[PDB]
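One structure is given here, and the rest of the page talks about it.
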Amino acid sequence: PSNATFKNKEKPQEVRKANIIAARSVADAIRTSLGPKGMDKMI
Amino acid sequence: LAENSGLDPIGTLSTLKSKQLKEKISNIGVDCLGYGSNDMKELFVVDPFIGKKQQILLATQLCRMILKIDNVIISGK
Amino acid sequence: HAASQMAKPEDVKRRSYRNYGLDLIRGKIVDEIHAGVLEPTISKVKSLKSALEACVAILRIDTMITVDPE
């Protein structure tokens, strides 16, 4: 009765993991600039 | 156990909650052998009390340290 | 300079010549009226007021991004 499985490639997140980490660095940048209590940046 | 046996993690909690809560028997669990009953008493799955008690306590005592880690200084080996 | 606010200015009592503030030769406390050194208010107002608002923008800076010329 077990069956189920349906896995095949074992790293579906590998492509979508580091991209979120790269997006989190961008997301963490606006967290410090958000709201009137936020901070500014220099480019 | 639901990952190897291919069971729904959401349905895993809902199955044990509808049984181990109302019924005082806590033996309801995940069946990885592919049988027709989830009862561990009939399937003969036995763990020692004092043995499994240490496995639970020693696992919680590990968090008394790692959770407090702030600064790490590693000198040359 | 504490005798200004220390003693009640509405009661006079002297003890305060106001300015004092510096001497550039003898190293003594001399009033600015006898020394003859004064500056307009614009030297302070609209000077430090503009400088303070300019310096707080540096504290607002969080990160730094530098792009070298190609």
Legend entry - Approximate spin-label separation B:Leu43-C:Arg60, in nm, with each point projected 7 Å along Cα-to-Cβ: 6.3 nm
Inset, instruction - Within a 10 angstrom radius of each residue's Cβ in B:2-9, how many Cβ atoms of other chains show up on average? Whole number is fine. - result: 3
Legend entry - Tail fraction, Cα-Cα pairs, chain A, threshold 11 Å, whole percent: 75 percent
Inset, instruction - Show me B:7-19, B:59-71 ranked by packing, highest mean number of other Cβ atoms within 10 Å first. - result: B:7-19, B:59-71
Legend entry - Cα shape, chain C, gyration tensor, a/c 1.5 rule: prolate
Legend entry - Relative contact order of chain C, pairs being alpha-carbon contacts under 8 Å that are 6 or more residues apart, as %: 16 percent
Inset, instruction - Let me have the 222 nm mean residue ellipticity of chain C computed from DSSP H runs of 4+ only, each contributing -39500 (n - 2.57), with the sum over all residues rounded to the nearest 500. - result: -7500 deg cm²/dmol
Legend entry - Loop-located GluC sites (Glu not before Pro) in chain B whose Cβ has at most 10 other Cβ within 10 Å (DSSP): B:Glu23
Inset, instruction - Report, in deg cm²/dmol and to the nearest 500, the calculated mean residue ellipticity at 222 nm for chain B, where each DSSP H run with n ≥ 4 adds -39500 (n - 2.57) and the sum is divided by the residue count. - result: -12500 deg cm²/dmol
Inset, instruction - Would you please classify the overall shape of segment B:1-44 from the alpha carbon gyration tensor, given that a ≥ b ≥ c denote the square roots of the eigenvalues, rounded means a/c under 1.5, and beyond that prolate means a/b larger than b/c while oblate covers the rest? - result: oblate
Inset, instruction - Obtain the radius of gyration and the Kirkwood radius of chain B from its C-alpha atoms and give Rg over Rh. - result: 1.18
Legend entry - Residue-count net charge about C:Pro9 - beta-carbon cut-off 14 Å; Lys, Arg +1, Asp, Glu -1: +3
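Cβ: placed from backbone, ideal geometry, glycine included. Neighbour counts: every protein chain shown. FYI, it's all coordinate maths here, none of it is from the lab.
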